[PDB]
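Q: First the structure, then my questions, so here it is.
Each value in this text was obtained by applying a stated rule to the coordinates, not by laboratory testing. Here the Cβ positions follow ideal geometry from the backbone for every residue, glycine too, while neighbour counts run over all protein chains shown.
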Amino acid sequence: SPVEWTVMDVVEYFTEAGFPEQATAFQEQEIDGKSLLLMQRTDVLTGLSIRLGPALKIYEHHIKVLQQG
Amino acid sequence: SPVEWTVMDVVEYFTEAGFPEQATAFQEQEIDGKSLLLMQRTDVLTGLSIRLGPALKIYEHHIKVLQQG
Amino acid sequence: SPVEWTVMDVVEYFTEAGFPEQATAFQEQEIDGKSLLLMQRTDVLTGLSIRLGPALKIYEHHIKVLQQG
Amino acid sequence: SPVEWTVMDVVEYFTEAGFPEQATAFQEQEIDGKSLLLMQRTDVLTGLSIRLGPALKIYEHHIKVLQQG
Amino acid sequence: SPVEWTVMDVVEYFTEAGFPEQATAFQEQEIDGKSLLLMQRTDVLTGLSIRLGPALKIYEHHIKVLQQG
């Protein structure tokens, strides 16, 4: 079902996961669930224009978790 | 055949494929079919100045598909 | 343990370590101890906007050491 | 042999090779024949500030060919 | 002994090696001998804000040589 998430679904997920400031970057880059499942580490860390601290946790604890589950 | 595509052909491909806003980047970077078949992942995600969501699908389901065909 | 360090704990650590000018970058990027243990080499050298000389020592003699201890 | 080419020699080569617009970037970056033989793929695609399309051909059909000869 | 070099020692080295314009970047990035021995290729090519041609020689013929000697 993550593969079916809209951009707004992705924004809502990261808002509810505790990254409401960084969630808007997924809207800015038009990242839906299908694109989310295609992202690699450098895409999150350097491609979203977000601070490195949250970016590291967004990838390792959510994007990577989503791609593996 | 992609290898013979002009820059106009590459722009038309991504427009017809549903990326009309991103197709502009292929004109800006003067990417013909021969250059298209040389592109790697980071060239699409960071070399076109396009949004990451569309860039991820452009590489995975189009540039990669054309190169493997 | 480092995994529980706050952002201000991280800034304090690098201040005591002799990088007080670079310590502000960890505050800027909101890097706590959990984020610190997720960092890779390029994150320190290109993601903190600090000088390269201090960045190389910060990674080799502190971040690496903390991740390996 | 290319290893002896001056910066101007490199500029004239790419001018004669059909990349006159991109040839000035080798003057800007002060790339002589010895530097040319040290370049890797990302150096051409991101280090010359040239368009991606021409840069891909410049690496694949010229710089790589000179390094492998 | 290279590991004991100060920042200006490094600046002096690259000036005498024939890179006086690029030697200033080692002062700007506060790179002493200890930091010089930690540098990798991409640090020289993208982290010093120097022209690519000289940067390629600086890494291959000097920084790599010092690290291996």
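Q: Within region D:5-20, track down each residue that is over 22 Å from B:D32 (Cβ atoms), more than 8 Å from every other protein chain (Cβ to nearest Cβ) and in contact (Cβ under 8 Å) with a residue 12 or more places away in the chain.
A: If the condition is that a residue be over 22 Å from B:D32 (Cβ atoms), more than 8 Å from every other protein chain (Cβ to nearest Cβ) and in contact (Cβ under 8 Å) with a residue 12 or more places away in the chain, then D:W5, D:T6, D:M8, D:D9, D:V10, D:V11 are the ones that fit.
Q: Is it the case that B:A23 is within 12 Å of another protein chain (Cβ to nearest Cβ), of a type in the set (A, V, I, L, M) and free of Cβ contacts under 8 Å to residues at least 40 places away in the same chain?
A: It is false that B:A23 is within 12 Å of another protein chain (Cβ to nearest Cβ), of a type in the set (A, V, I, L, M) and free of Cβ contacts under 8 Å to residues at least 40 places away in the same chain.
Q: Can you name the residue in region B:38-69 that is within 9 Å of another protein chain (Cβ to nearest Cβ) and among the β-branched types (V, I, T) and is also surrounded by the fewest Cβ atoms within 10 Å (Cβ to Cβ) among such residues?
A: B:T42
Q: Exactly one condition in (1) within 11 Å of the chain's Cα centre (by Cα); (2) under 26 Å from E:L48 (Cα atoms); (3) facing another protein chain (nearest Cβ under 8 Å); (4) in a helix (DSSP H, G or I) is false for C:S35; which is it?
A: Only one criterion in (1) within 11 Å of the chain's Cα centre (by Cα); (2) under 26 Å from E:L48 (Cα atoms); (3) facing another protein chain (nearest Cβ under 8 Å); (4) in a helix (DSSP H, G or I) is unmet by C:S35, namely (2).
Q: Also, quick follow-up: Would you tally the residues in region A:38-53 being assigned to a helix (DSSP H, G or I) and under 13 Å from C:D43 (Cβ atoms)?
A: Qualifying residue count, region A:38-53: 7.
Q: Hey, another quick one. Report whether or not D:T24 is hydroxyl-bearing (S, T, Y), in a helix (DSSP H, G or I) and under 23 Å from B:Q40 (Cβ atoms).
A: Judged against the criteria, D:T24 is not a match.
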